[PDB]
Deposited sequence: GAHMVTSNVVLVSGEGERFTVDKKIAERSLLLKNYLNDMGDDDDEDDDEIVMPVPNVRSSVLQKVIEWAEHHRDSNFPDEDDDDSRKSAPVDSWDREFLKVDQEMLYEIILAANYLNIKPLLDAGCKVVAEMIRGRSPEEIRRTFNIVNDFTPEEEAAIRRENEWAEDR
């Protein structure tokens, strides 16, 4: 069986089975029209994406459903990494991975107060004391 090579934005070459790599619709369409560049995606990020793709090689996805336990542990990374994994999935057109990452972000928000959400993402409360109250009472 044949492989493709995906090159990270750091110039590092990742060898991966072709049909497995076709999880990326960008790669699949690239072949339809072997080394494919993945510009502006860090090596460590691309490496995670490939790990996810190889793990899910036999997975069939539709087509709200919850995150698979392997995915939850796999997506248990620092926020910057989670951010870049989401961007790479979006660039590479891997909808199920994109979906999974978004579900994990939503889980960070779920059942949390505005103040707790702010602490999680280090967000500045830019509401004036007046505007803060007006929003609470349901705008």
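Gaps in the model, given as deposited-sequence positions counted from residue 1
Gaps in the modelled chain, taken against the deposited sequence, lie at 1-5, 39-49, 80-87, 164-169.
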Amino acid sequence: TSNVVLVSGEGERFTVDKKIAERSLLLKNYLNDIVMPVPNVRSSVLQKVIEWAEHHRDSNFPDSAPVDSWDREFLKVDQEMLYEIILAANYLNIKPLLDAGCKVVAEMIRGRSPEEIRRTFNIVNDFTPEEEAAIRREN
From here on, numbers count along this sequence of modelled residues.
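For the C-alpha atoms alone, is the average B factor greater in 23-31 or in 43-51, going by the entry?
Looking at the record's C-alpha B-factors, the answer is 23-31.
Residue range whose averaged C-alpha B-factor is higher in the record, 4-12 or 130-138:
The deposited B-factors put 130-138 ahead on the C-alpha mean.
Classify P62 as lowest, middle or highest third according to the C-alpha B-factor given in the PDB entry, relative to its own chain.
For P62, the deposited C-alpha B-factor lands in the highest third.
Third assignment of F74 from its chain's C-alpha B-factors:
According to the entry, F74 has a C-alpha B-factor in the chain's middle third.
Ranked against its chain, the third holding the CA B-factor of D68:
Highest third, going by the recorded CA B-factors of the chain.
Against its chain's modelled residues, does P96's Cα B factor rank lowest, middle or highest third?
According to the entry, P96 has a C-alpha B-factor in the chain's middle third.
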